[PDB]
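Below is one structure, written out as structure tokens; comments come after it.
Every heavy atom of this structure was used, including side-chain atoms; hydrogens, water molecules and symmetry mates were not. Naming convention: chains lettered A, B, ... in sequence-line order (proteins, then strands); numbering from 1 in each chain.
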Protein chains: 2
Amino acid sequence: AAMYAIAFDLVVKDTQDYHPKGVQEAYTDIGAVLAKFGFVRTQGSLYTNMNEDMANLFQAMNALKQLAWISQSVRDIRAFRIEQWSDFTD
Amino acid sequence: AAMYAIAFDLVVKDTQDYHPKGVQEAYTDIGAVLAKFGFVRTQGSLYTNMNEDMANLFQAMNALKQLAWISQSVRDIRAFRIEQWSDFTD
């Protein structure tokens with residue numbers, strides 16, 4: 001049904017080369033913070049909670065940027081409300 | 001305001017190593033197909049259209065998996081309706 005989704009882009013220090021292992025390490029670190037609030041990563045890059053309590057989402061967002069290391073390694077935090085979600089096999 | 005979003009995961013042939021340049025090449029290829037329908041990539045991994053015409057979204061999804069190469073290099077296609085979207089600087 002309906003869910004909240006948290007998305008973000010990592011700060012890039014090296015525009016010459018990719019650092020995919022660095023990227024996985026950041027994701028699973030942010031994941032640790034967000035799991036305290038029931039927000040858990042898709043098969044993709046989005047952190048989802050089917051509990052659409054605004055207070056829970058707010059205290060997830062307080063937990064991010066309250067942590068100095070969160071500010072200093074992320075560049076865009078966004079939240080969405082997702083109202084539909086379908087998989088296409090066809 | 002309100003938008004449609006298309007998301008996907010690439011088939012992974014090599015579970016030992018990352019292939020980030022291969023991943024960018026797939027994304028910009030799928031991007032070429034999806035841009036015919038006004039669906040264009042975020043700063044992240046989502047393909048968005050603020051035109052919420054169901055027929056346009058359907059003919060985007062027809063264009064995907066109609067292409068043999070699309071089926072054979074993607075493993076999960078999903079669509080969402082996103083009703084809110086906020087950036088957090090705070």
Part of [X] lying under 4.5 Å from any heavy atom of chain A:
X: B:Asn62; result: neither
X: B:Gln66; result: neither
X: B:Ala79; result: both
X: B:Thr89; result: backbone
X: B:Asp87; result: both

Open item on the list: With a 4.5 Å cut-off on side-chain heavy atoms, are A:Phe8 and A:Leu64 touching?
Closed with: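 Sidechains of A:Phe8 and A:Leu64: no contact.
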
TODO: Please tell me if the side chains of B:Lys13 and B:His19 come closer than 4.5 Å, counting only heavy atoms from C-beta onward.
DONE: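 No, too far: nothing below the 4.5 Å cut-off.
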
Task: Donor-acceptor under 3.5 Å (A:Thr28 side chain, A:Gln24 main chain) - done: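 No, A:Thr28 side chain to A:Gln24 backbone: no donor-acceptor pair under 3.5 Å.
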
Task: Main-chain N/O of B:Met3 paired with B:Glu52 side-chain donor or acceptor, under 3.5 Å - done: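 At least one qualifying donor-acceptor pair exists.
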
Task: Top contributor to chain B interface from A:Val23, A:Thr42, A:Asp90 [non-hydrogen pairs under 4.5 Å] - done: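 So the answer, after comparing A:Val23, A:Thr42, A:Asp90, is A:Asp90.
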
Task: For B:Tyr27 against B:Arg41, the heavy-atom pair lying closest together - done: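 The answer is CD2-CD, 4.2 Å.
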
